[PDB]
Every structure is written in C-alpha cells, then in structure tokens.
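Below you'll find the structure, written out as structure tokens, and then a few comments.
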Amino acid sequence: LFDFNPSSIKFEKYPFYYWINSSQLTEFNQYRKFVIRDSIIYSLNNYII
Amino acid sequence: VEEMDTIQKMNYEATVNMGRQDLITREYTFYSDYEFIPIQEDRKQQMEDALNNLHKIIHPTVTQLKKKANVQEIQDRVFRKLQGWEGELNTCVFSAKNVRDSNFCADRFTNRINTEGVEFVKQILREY
Amino acid sequence: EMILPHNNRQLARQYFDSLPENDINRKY
Amino acid sequence: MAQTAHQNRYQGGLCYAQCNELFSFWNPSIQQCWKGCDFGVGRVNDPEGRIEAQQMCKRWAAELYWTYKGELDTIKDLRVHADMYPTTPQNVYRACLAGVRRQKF
Amino acid sequence: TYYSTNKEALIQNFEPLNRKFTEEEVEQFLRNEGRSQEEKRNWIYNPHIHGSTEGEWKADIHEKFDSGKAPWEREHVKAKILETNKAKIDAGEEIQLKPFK
Amino acid sequence: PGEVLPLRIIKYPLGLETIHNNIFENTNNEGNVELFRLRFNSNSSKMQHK
Amino acid sequence: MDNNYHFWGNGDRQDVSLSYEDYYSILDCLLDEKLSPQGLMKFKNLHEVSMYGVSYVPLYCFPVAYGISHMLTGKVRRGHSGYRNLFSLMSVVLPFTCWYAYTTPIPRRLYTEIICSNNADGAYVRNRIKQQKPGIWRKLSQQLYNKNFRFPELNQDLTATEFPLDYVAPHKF
C-alpha cells in the first residue's frame with residue numbers, strides 16, 4: 001500500500017516475445033527436450049523477421 | 001569360427017544377433033521427427049578423450065576414499081557443471097545447420113572440459 | 001540464442017562503417 | 001531374536017543393551033549384534049577365545065548369505081553406524097563383531 | 001594478586017603485530033578449514049592436483065598441519081617477513097612474528 | 001517424444017556391487033576408474049529397439 | 001524488535017518479497033537435480049513454512065471478510081438468524097480477500113536466500129525464473145534492483161553488453 005510496487009507494463013504487441021530460447025543469458029539449465037522448442041522459437045522469429 | 005558344435009553355434013548366433021538391434025531398426029525412420037546434424041566421429045573421440053583426462057585426475061582421490069558418500073558427493077559436484085555444459089552443447093548442436101556448426105559446438109564443449117573442467121575438478125579434489 | 005561467429009553477419013559493423021567520420025557513434 | 005540364545009532381550013544383559021544402543025530401533029542388525037554377544041560369552045577374556053569368537057562371526061556371516069572366500073578378509077572399514085542393515089555378509093560380519101566387542105565377561 | 005600479575009604480564013609482554021600478514025600466512029589461514037578437530041585428517045595424495053612427489057607432499061603437509069607449527073615459524077615465511085618489511089626494520093623497529101595471545 | 005539428444009552425460013551408479021568391496025564397476029583402458037559416461041545419438045530418425 | 005530474527009521462516013521489511021502464487025509458480029519451473037544439497041534444504045524449509053502459511057491465510061482474512069459481508073447485508077446484526085446470507089456473502093467475499101492476500105508479496109529470509117544467493121544455486125534459480133517465468137521475473141527483477149541487488153540476470157543492468165530480455169519499467173537511476 002505505502003511503498004515501492006513493481007510495474008506490470010510489458011510488451012503486448014510483438015508476437016512470441018516471451019518465448020525466450022536458451023542463450024548465455026539463460027545458462028542452458030532448462031528442460032533437456034526444450035531444444036526442439038528453441039528451434040521452433042528460432043523459426044517463428046524468422047517468420048516475423 | 002565355423003568349426004563348433006550345435007550349442008556353440010547357437011550361442012555365437014545369439015551373441016551376434018543381440019548386437020544387430022541397431023542394424024535392424026535403422027530402416028524404421030519417422031517423418032515427423034526433428035533431425036539434427038550428429039556429432040562427428042572425430043569430435044566424439046575428442047570428447048571421450050577429454051572425459052578420460054578428467055577421470056585421470058579424479059582416480060587417485062576417489063580410490064583413496066573409503067566412504068561411498070564422499071565419492072557420490074564428488075560425482076554430484078562435477079556432474080552439475082558437466083550437465084550445464086552438456087545442455088549448452090545439445091542446444092547448439094540441435095540448432096546446427098551444417099557440419100561446421102556441429103564441429104564448432106563440439107570443440108567449444110571439449111575446450112570447456114579441458115580448460116575449466118580440470119580446474120574445477122582439481123579444486124573439488126583439493127577440498128576432499 | 002547466440003549466432004555462431006562464422007554464421008554472424010556483422011550488420012552493425014556494416015552500418016558503423018557507413019557512418020560519417022564526425023559521428024557520435026564513432027566517438028563512442 | 002529367533003536366532004539368538006535368550007527368550008527376551010532382557011536376559012541377554014548389558015551386552016544386549018549395548019547392542020540396542022548401537023543401532024536405531026528399526027535396524028535388524030541388532031539381532032546380529034546379539035549373536036555376537038552369544039559368541040563371546042566365555043571367550044572374550046581368553047586371548048584366543050576372542051579370535052575364536054571372531055571366527056564364529058565369520059562363519060555365521062558365511063552361513064546367512066552366500067559369500068566368497070576372500071570377501072570377508074578384505075573389508076576396509078569394520079566400523080558400524082546406526083543405519084547399517086544386514087543386507088550383505090559384510091554387514092552381518094560387522095554387526096556380529098561389534099556385538100562380540102561389547103561382551104564383558 | 002591475580003589481577004596485578006595478569007596486568008603486569010599483559011603490559012610487559014604485549015606488542016602489536018607490527019607487520020602485514022604475508023601471502024603464505026593468508027593462504028594457510030584460508031586452508032585452515034582443512035584442519036580437523038578431535039580427530040586427525042586422512043591426507044590422501046593425488047599427483048595431478050598436489051604436484052611434487054608423495055614423500056615431499058606428505059612432509060610438507062605434516063609440517064603445515066599435523067606438527068602444529070605456525071606459518072610464522074617457517075624459514076621462508078620469516079625471510080619474506082624480514083624482506084617485505086625492511087622499511088620498518090630500519091629506524092630501529094623490530095618485527096613481531098607470532099601475534100599475541 | 002522429443003528426441004534422443006546428441007549427447008547425454010550419465011552418472012555411473014556407485015555401490016551397486018559389494019562382491020569384493022569395490023564400488024567402481026567400470027574402469028577404462030588407462031586403468032582409471034570411471035564416474036561419468038558419454039552417450040551419443042548418431043542417428044536422429046531411427047526408432048529405438050524394444 | 002522480535003526475539004526470533006534467526007528463524008528462517010521470519011523476515012524483515014527489506015527482505016525479498018514473494019507472494020504465495022509467485023512462490024508456487026516458481027516451484028513449478030525448477031528441478032531438484034540441478035540444486036546442491038544446501039539449496040534443497042532451503043527449499044524444504046521454505047516448503048514447510050509455506051504449507052503452514054497457506055493453511056493460515058484464510059484465517060487471517062476471515063475478520064475482514066466477516067466485516068465486509070456484514071456491511072453488505074446492512075446495519076442489522078441478526079446473529080444465528082442472518083447466518084445464511086452472511087455465509088453466502090462470506091463464501092463470495094472471503095475468496096476475494098484471500099485473492100488480495102495471496103497476490104500480496106511477503107518478505108522472508110528463505111525468499112531472500114533462495115533468490116539472492118551468490119552461489120550456483122542462486123544463479124540457477126534466477127535464470128530459471130528469468131526464462132520460464134518472464135512476468136514473475138519482471139516483477140522480481142524490479143524488486144531486486146530496488147533493493148540494491150546487482151545481478152547479471154536483472155533487466156535493469158547498466159553494465160551489460162546485451163540488451164534486456166523484457167520491458168524495463170521506469171525507475172530512479
């Protein structure tokens with residue numbers, strides 16, 4: 001009520017923006033079979049250029 | 001290998017057939033699977049050489065420990081680092097386009113093992 | 001995800017080379 | 001205590017009490033420890049009786065489980081802990097030896 | 001008389017360390033977590049992490065840990081102390097090796 | 001489902017055998033005991049045998 | 001203040017604050033194999049504290065729900081006689097008050113140790129939340145940066161050479 005409160009504003013227009021794939025910023029400690037997902041994400045992000 | 005009795009011939013046939021499961025099932029491929037460029041044989045040998053080099057360092061320490069708990073703890077501590085590196089390698093090899101990319105990723109993984117893996121293992125073993 | 005160095009197209013470098021000599025990005 | 005000498009653990013005496021104190025209450029090793037107390041009754045104080053009792057423990061372990069000839073002679077650590085269960089002839093031998101050690105008189 | 005004797009002993013026999021802890025002393029302090037209390041540590045030699053030879057390494061380990069000899073009692077450490085603090089050695093100040101207890 | 005990934009690092013289980021008080025089932029040609037294993041998926045489309 | 005500041009289930013105002021919903025969602029995106037035995041111990045202590053807490057939250061919210069349900073009926077206290085309306089309005093309103101409570105972050109020493117630890121467990125947890133829970137990590141990164149925590153995984157990282165993975169909400173530099 002009476003202190004700092006984190007904002008909830010986000011990117012709500014770019015497609016598949018929050019389908020974050022593995023990189024050095026995520027340390028590759030995810031589910032093993034998510035590599036396929038990464039490929040899909042990659043392909044999707046090449047479709048919207 | 002021709003000259004043998006019926007029982008020996010049957011045993012040899014059994015031993016041969018138990019090793020051709022990879023041969024029989026290579027024809028049955030799936031269309032919808034996500035294919036990847038596999039790690040080449042030379043890179044496989046280099047990675048196994050790096051693993052053997054790691055095992056060279058840990059051998060006296062683990063063989064001079066009389067408690068299974070300590071050896072299991074040593075195994076677990078190294079395995080987390082190795083699993084992070086393995087995840088990086090698996091991602092970068094699955095997302096590979098040509099054999100050059102797969103070789104690059106395998107070389108990066110082997111270099112990580114031979115550069116940082118040995119240092120981390122040595123620190124752990126000194127702790128033990 | 002990281003782009004491998006051999007597969008990396010230095011588009012940023014290409015734009016940087018096309019900048020004027022007296023440019024704030026070149027100063028940076 | 002179907003394999004031991006006494007109807008109840010209280011007839012075993014101080015040795016059975018020490019065996020109970022050695023392991024957790026759910027650990028079946030205590031019974032094996034009790035057998036040690038049985039092997040070293042009139043033998044612990046005799047210098048060769050102690051060796052005889054240790055041999056009796058080795059024979060008992062060899063009879064309970066399948067064992068190999070050198071297997072009980074190459075045990076690195078004969079110490080026992082609370083969660084040591086008689087799943088192996090080595091564990092049976094260690095529990096029996098610990099029971100032998102705790103047999104005063 | 002206990003208070004008077006203790007006060008005299010403190011006043012007479014207390015001096016500041018007068019020196020900065022050397023690199024070897026700090027490293028020994030950081031490795032003192034390897035010391036075991038109430039039971040001796042089983043030192044196992046691994047040539048790929050310890051170097052040297054087994055006999056030399058075990059002798060050094062016995063000197064460092066088992067013997068109880070302090071880092072400031074080592075000859076090379078004493079030489080390093082007398083070298084790195086020669087400025088304080090000049091002008092008639094004597095370096096104290098063992099910290100007061 | 002998913003795939004058999006290109007590389008898996010597998011921890012060799014320890015202490016599964018107590019026949020002669022040895023907790024290292026595996027040893028390589030150099031004589032050093034092994035704690036880890038590398039498994040590779042060479043063929044990415046073939047079925048896995050029953 | 002309190003005599004039990006040592007307790008792991010306790011906390012002060014400036015500890016990392018996670019709501020129960022955030023805590024359960026964070027638990028939904030982690031693996032026990034990737035954590036050291038110390039990290040597992042932290043998570044187990046947090047589990048017992050949090051099971052008791054989630055049990056108790058409706059009890060905390062019951063007085064407020066009772067008051068609001070009474071004020072919705074009117075200014076008449078028909079005890080033992082307005083129970084039906086009172087408890088229908090209660091079964092409606094108490095979920096709303098519990099919604100406000102369960103979406104409210106609460107500080108804890110275990111929360112600030114699990115997230116902000118500088119060992120490998122802390123980095124693993126931070127990166128896992130960063131990738132699998134982008135919104136939770138957005139809020140949590142804002143909170144951590146506000147609390148003078150400097151981690152590479154934060155969106156508000158001025159020393160990074162890589163662009164942030166999310167929208168950086170306005171804050172005072």
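Chains: A, B, ... in order of the structure tokens. Residues: from 1 per chain. Ligands: from 1, in order shown.
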May I have the residues within 8 Å of residue 77 of chain E as a PyMOL selection string, using only C-alpha atoms and disregarding those fewer than 6 positions away in the same chain? chain E and resi 22+24-25+71
Excluding residue 36 of chain B and any residue of its chain fewer than 2 positions from it, enumerate the residues within 7 Å of it, using only C-alpha atoms, and give them as number ranges by chain. B: 34, 38, 94, 96; F: 44
Which residues are close to segment 9-19 of chain E, i.e. within 6 Å by only C-alpha atoms, leaving aside same-chain residues fewer than 6 positions away? Reply as a compact mmCIF listing (two decimals) with N, CA, C and O atoms, in the first residue's frame.
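This went into around-v7.txt:
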# COMPACT_ATOMS: atom_id res chain seq x y z
N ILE E 95 60.36 -6.45 14.14
CA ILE E 95 59.12 -7.06 13.70
C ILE E 95 58.74 -8.19 14.64
O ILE E 95 59.58 -9.00 15.04
N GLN E 96 57.46 -8.25 15.00
CA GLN E 96 56.94 -9.34 15.82
C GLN E 96 56.36 -10.41 14.90
O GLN E 96 55.55 -10.12 14.02
N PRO E 99 51.62 -13.43 16.55
CA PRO E 99 50.68 -12.49 17.18
C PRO E 99 50.42 -12.87 18.64
O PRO E 99 50.42 -14.04 19.01
Using only C-alpha atoms: which of B:90, B:64, B:102, B:52 has the shortest distance to residue 36 of chain F: B:52
Using DSSP on the backbone, list every residue of chain D that comes out as helix (DSSP H, G or I), and give them as an MDAnalysis selection string. chainID D and resid 9:11 14:22 29:39 47:64 71:73 89:101
Using DSSP on the backbone coordinates, identify all residues within chain F classified as strand (DSSP E or B); present the result as JSON, numbers by chain. {"F": [7, 8, 9, 10, 11, 27, 33, 36, 37, 38, 39, 40, 46]}
Enumerate as number ranges by chain the residues belonging to chain E that approach chain B to within 10 Å, with only C-alpha atoms taken into account. E: 31, 33-34, 42-50
Can you write just those residues out, N, CA, C and O atoms, as an mmCIF file, in the first residue's frame?
data_model
loop_
_atom_site.group_PDB
_atom_site.id
_atom_site.type_symbol
_atom_site.label_atom_id
_atom_site.label_comp_id
_atom_site.auth_asym_id
_atom_site.auth_seq_id
_atom_site.Cartn_x
_atom_site.Cartn_y
_atom_site.Cartn_z
ATOM 1 N N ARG E 31 43.285 -22.146 4.160
ATOM 2 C CA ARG E 31 43.288 -23.601 4.112
ATOM 3 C C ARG E 31 43.119 -24.236 5.484
ATOM 4 O O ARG E 31 43.072 -25.467 5.577
ATOM 5 N N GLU E 33 40.513 -24.374 7.101
ATOM 6 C CA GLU E 33 39.278 -25.147 7.081
ATOM 7 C C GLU E 33 39.548 -26.630 6.871
ATOM 8 O O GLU E 33 38.716 -27.461 7.250
ATOM 9 N N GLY E 34 40.689 -26.977 6.277
ATOM 10 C CA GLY E 34 41.077 -28.367 6.134
ATOM 11 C C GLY E 34 41.568 -29.012 7.411
ATOM 12 O O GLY E 34 41.691 -30.240 7.454
ATOM 13 N N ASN E 42 42.731 -37.640 7.326
ATOM 14 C CA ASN E 42 43.419 -38.588 6.455
ATOM 15 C C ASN E 42 43.833 -37.854 5.187
ATOM 16 O O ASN E 42 43.004 -37.565 4.322
ATOM 17 N N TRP E 43 45.121 -37.546 5.076
ATOM 18 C CA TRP E 43 45.655 -36.836 3.922
ATOM 19 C C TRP E 43 45.969 -37.837 2.818
ATOM 20 O O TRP E 43 46.826 -38.709 2.990
ATOM 21 N N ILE E 44 45.278 -37.707 1.691
ATOM 22 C CA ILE E 44 45.482 -38.563 0.530
ATOM 23 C C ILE E 44 46.158 -37.741 -0.556
ATOM 24 O O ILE E 44 45.806 -36.577 -0.780
ATOM 25 N N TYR E 45 47.144 -38.338 -1.216
ATOM 26 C CA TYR E 45 47.969 -37.641 -2.192
ATOM 27 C C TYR E 45 47.474 -37.948 -3.599
ATOM 28 O O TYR E 45 47.389 -39.115 -3.993
ATOM 29 N N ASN E 46 47.151 -36.900 -4.347
ATOM 30 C CA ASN E 46 46.780 -37.012 -5.756
ATOM 31 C C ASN E 46 47.780 -36.212 -6.575
ATOM 32 O O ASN E 46 47.778 -34.968 -6.504
ATOM 33 N N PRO E 47 48.658 -36.858 -7.345
ATOM 34 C CA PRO E 47 49.730 -36.112 -8.024
ATOM 35 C C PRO E 47 49.238 -35.094 -9.034
ATOM 36 O O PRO E 47 49.973 -34.149 -9.342
ATOM 37 N N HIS E 48 48.026 -35.250 -9.563
ATOM 38 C CA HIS E 48 47.519 -34.323 -10.564
ATOM 39 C C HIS E 48 46.965 -33.040 -9.965
ATOM 40 O O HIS E 48 46.768 -32.069 -10.703
ATOM 41 N N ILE E 49 46.713 -33.005 -8.660
ATOM 42 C CA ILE E 49 46.227 -31.797 -8.009
ATOM 43 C C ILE E 49 47.214 -31.228 -7.003
ATOM 44 O O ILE E 49 47.122 -30.033 -6.678
ATOM 45 N N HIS E 50 48.156 -32.023 -6.497
ATOM 46 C CA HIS E 50 49.109 -31.571 -5.495
ATOM 47 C C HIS E 50 50.513 -31.371 -6.036
ATOM 48 O O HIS E 50 51.263 -30.568 -5.480
#
Would you mind listing what lies within 10 Å of segment 6-23 of chain C as a PDB file with N, CA, C and O atoms, in the first residue's frame, with only C-alpha atoms counted and same-chain residues fewer than 5 positions away left out?
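Written file, out34.pdb:
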ATOM      1  N   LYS B  97      23.183 -26.076 -38.481  1.00  0.00           N
ATOM      2  CA  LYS B  97      22.779 -26.132 -39.880  1.00  0.00           C
ATOM      3  C   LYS B  97      23.669 -27.047 -40.711  1.00  0.00           C
ATOM      4  O   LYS B  97      23.167 -27.846 -41.504  1.00  0.00           O
ATOM      5  N   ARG B 100      29.992 -27.862 -40.051  1.00  0.00           N
ATOM      6  CA  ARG B 100      30.892 -26.869 -39.473  1.00  0.00           C
ATOM      7  C   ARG B 100      30.363 -26.358 -38.139  1.00  0.00           C
ATOM      8  O   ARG B 100      31.124 -26.213 -37.175  1.00  0.00           O
ATOM      9  N   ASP B 101      29.059 -26.089 -38.060  1.00  0.00           N
ATOM     10  CA  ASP B 101      28.469 -25.628 -36.808  1.00  0.00           C
ATOM     11  C   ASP B 101      28.543 -26.699 -35.725  1.00  0.00           C
ATOM     12  O   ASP B 101      28.858 -26.398 -34.568  1.00  0.00           O
ATOM     13  N   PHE B 104      31.999 -26.830 -34.469  1.00  0.00           N
ATOM     14  CA  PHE B 104      32.279 -25.679 -33.618  1.00  0.00           C
ATOM     15  C   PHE B 104      31.736 -25.895 -32.212  1.00  0.00           C
ATOM     16  O   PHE B 104      32.426 -25.641 -31.218  1.00  0.00           O
TER      17      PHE B 104
ATOM     18  N   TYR C  28      31.860   7.262 -29.543  1.00  0.00           N
ATOM     19  CA  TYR C  28      31.669   6.208 -28.551  1.00  0.00           C
ATOM     20  C   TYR C  28      32.636   5.057 -28.785  1.00  0.00           C
ATOM     21  O   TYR C  28      33.170   4.479 -27.832  1.00  0.00           O
TER      22      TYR C  28
END
Select all residues from chain A having any atom no more than 9 Å from an atom of chain G (counting only C-alpha atoms, ignoring ligands), output as a PyMOL selection string. chain A and resi 4-11+17-22+25-31
How would the residues just chosen look if you wrote them out with N, CA, C and O atoms as a compact mmCIF listing (two decimals), in the first residue's frame?
# COMPACT_ATOMS: atom_id res chain seq x y z
N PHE A 4 7.27 1.04 -2.57
CA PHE A 4 7.54 0.75 -3.97
C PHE A 4 6.82 -0.51 -4.41
O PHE A 4 6.84 -1.53 -3.71
N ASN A 5 6.19 -0.44 -5.58
CA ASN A 5 5.44 -1.57 -6.13
C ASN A 5 5.91 -1.78 -7.56
O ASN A 5 5.89 -0.83 -8.37
N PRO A 6 6.36 -2.98 -7.92
CA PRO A 6 6.84 -3.21 -9.29
C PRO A 6 5.74 -2.98 -10.32
O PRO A 6 4.58 -3.30 -10.09
N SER A 7 6.14 -2.43 -11.46
CA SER A 7 5.20 -2.17 -12.54
C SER A 7 4.86 -3.46 -13.28
O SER A 7 5.64 -4.41 -13.32
N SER A 8 3.66 -3.48 -13.86
CA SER A 8 3.19 -4.63 -14.62
C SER A 8 3.18 -4.38 -16.13
O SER A 8 2.65 -5.20 -16.88
N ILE A 9 3.76 -3.27 -16.58
CA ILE A 9 3.78 -2.96 -18.00
C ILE A 9 4.73 -3.90 -18.72
O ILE A 9 5.82 -4.22 -18.22
N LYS A 10 4.32 -4.36 -19.90
CA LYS A 10 5.09 -5.32 -20.67
C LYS A 10 4.93 -5.02 -22.15
O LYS A 10 4.19 -4.11 -22.54
N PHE A 11 5.64 -5.78 -22.98
CA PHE A 11 5.49 -5.70 -24.43
C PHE A 11 4.32 -6.58 -24.83
O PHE A 11 4.39 -7.81 -24.73
N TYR A 17 7.08 -12.83 -28.05
CA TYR A 17 8.20 -12.12 -27.46
C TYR A 17 8.70 -12.80 -26.20
O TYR A 17 9.90 -12.76 -25.90
N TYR A 18 7.81 -13.44 -25.44
CA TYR A 18 8.17 -14.06 -24.18
C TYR A 18 8.43 -15.55 -24.31
O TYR A 18 8.54 -16.25 -23.29
N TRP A 19 8.53 -16.06 -25.54
CA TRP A 19 9.05 -17.41 -25.78
C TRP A 19 10.57 -17.28 -25.88
O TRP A 19 11.15 -17.29 -26.97
N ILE A 20 11.21 -17.15 -24.73
CA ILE A 20 12.65 -16.92 -24.67
C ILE A 20 13.37 -18.24 -24.84
O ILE A 20 13.09 -19.21 -24.11
N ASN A 21 14.29 -18.30 -25.79
CA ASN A 21 15.07 -19.50 -26.04
C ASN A 21 16.43 -19.41 -25.34
O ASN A 21 16.85 -18.34 -24.88
N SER A 22 17.10 -20.55 -25.26
CA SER A 22 18.33 -20.65 -24.48
C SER A 22 19.44 -19.81 -25.10
O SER A 22 19.60 -19.75 -26.32
N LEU A 25 22.52 -15.91 -21.62
CA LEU A 25 21.74 -15.16 -20.65
C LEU A 25 20.77 -16.03 -19.86
O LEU A 25 20.14 -15.53 -18.92
N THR A 26 20.64 -17.31 -20.21
CA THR A 26 19.75 -18.23 -19.51
C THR A 26 20.45 -19.47 -18.98
O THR A 26 19.80 -20.29 -18.32
N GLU A 27 21.74 -19.65 -19.28
CA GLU A 27 22.63 -20.65 -18.70
C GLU A 27 22.34 -22.09 -19.12
O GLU A 27 23.00 -23.00 -18.62
N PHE A 28 21.36 -22.33 -19.99
CA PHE A 28 21.15 -23.65 -20.60
C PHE A 28 20.82 -24.73 -19.57
O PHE A 28 21.09 -25.91 -19.80
N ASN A 29 20.24 -24.36 -18.44
CA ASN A 29 19.85 -25.32 -17.41
C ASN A 29 18.37 -25.66 -17.47
O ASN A 29 17.75 -25.92 -16.43
N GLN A 30 17.79 -25.67 -18.66
CA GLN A 30 16.36 -25.86 -18.83
C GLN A 30 16.03 -27.34 -19.00
O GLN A 30 16.89 -28.22 -18.84
N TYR A 31 14.77 -27.63 -19.31
CA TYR A 31 14.36 -28.98 -19.66
C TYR A 31 15.12 -29.46 -20.89
O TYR A 31 15.31 -28.71 -21.85
Spatial neighbours of residue 35 of chain E, max dist 12 Å, only C-alpha atoms, sep filter under 2 positions, as a ChimeraX atom specification: /B:127-128 /E:28-33,37-43,61-62,64-68
Please write the residues from the selection above to a file, keeping C-alpha atoms, as a PDB file, in the first residue's frame.
ATOM      1  CA  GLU B 127      38.717 -29.782  -0.933  1.00  0.00           C
ATOM      2  CA  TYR B 128      38.436 -33.550  -0.430  1.00  0.00           C
TER       3      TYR B 128
ATOM      4  CA  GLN E  28      47.422 -21.076   5.257  1.00  0.00           C
ATOM      5  CA  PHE E  29      44.580 -19.305   7.070  1.00  0.00           C
ATOM      6  CA  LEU E  30      42.270 -19.923   4.108  1.00  0.00           C
ATOM      7  CA  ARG E  31      43.288 -23.601   4.112  1.00  0.00           C
ATOM      8  CA  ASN E  32      42.810 -23.981   7.879  1.00  0.00           C
ATOM      9  CA  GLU E  33      39.278 -25.147   7.081  1.00  0.00           C
ATOM     10  CA  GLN E  37      39.382 -31.051  15.352  1.00  0.00           C
ATOM     11  CA  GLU E  38      39.340 -34.004  17.801  1.00  0.00           C
ATOM     12  CA  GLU E  39      40.359 -36.409  15.003  1.00  0.00           C
ATOM     13  CA  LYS E  40      43.282 -36.341  12.584  1.00  0.00           C
ATOM     14  CA  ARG E  41      42.543 -35.811   8.899  1.00  0.00           C
ATOM     15  CA  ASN E  42      43.419 -38.588   6.455  1.00  0.00           C
ATOM     16  CA  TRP E  43      45.655 -36.836   3.922  1.00  0.00           C
ATOM     17  CA  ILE E  61      51.526 -31.436   4.916  1.00  0.00           C
ATOM     18  CA  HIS E  62      52.891 -32.786   8.203  1.00  0.00           C
ATOM     19  CA  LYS E  64      51.857 -27.343   7.867  1.00  0.00           C
ATOM     20  CA  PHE E  65      49.015 -29.140   9.676  1.00  0.00           C
ATOM     21  CA  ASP E  66      49.916 -32.156  11.818  1.00  0.00           C
ATOM     22  CA  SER E  67      53.004 -30.731  13.534  1.00  0.00           C
ATOM     23  CA  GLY E  68      51.051 -27.662  14.652  1.00  0.00           C
TER      24      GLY E  68
END
List as a ChimeraX atom specification the protein and nucleic acid residues near segment 3-20 of chain F, meaning an atom at most 8 Å away when only C-alpha atoms are counted, but skip any in the same chain fewer than 6 places from it. /A:32-33 /B:33-34,38-39,68,72,75,79,82-83,86,89-90,93-94 /D:68,70-71,74,88 /F:34-42,44
Excluding same-chain residues fewer than 5 positions from residue 49 of chain G, what lies within 10 Å of it counting only C-alpha atoms, as a list in words?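 Returned residues: residues 8, 9, 10, 43, 44, 54 and 110 of chain G.
The chain C residues that come within 10 Å of chain B are residues 1, 2, 3, 4, 5, 6 and 7 of chain C, with only C-alpha atoms taken into account.
A straight line drawn from atom CA of residue 86 of chain E to atom CA of residue 20 of chain E is 12.1 Å long.
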Distance in Å - atom CA of residue 39 of chain A versus atom CA of residue 154 of chain G: 25.2 Å
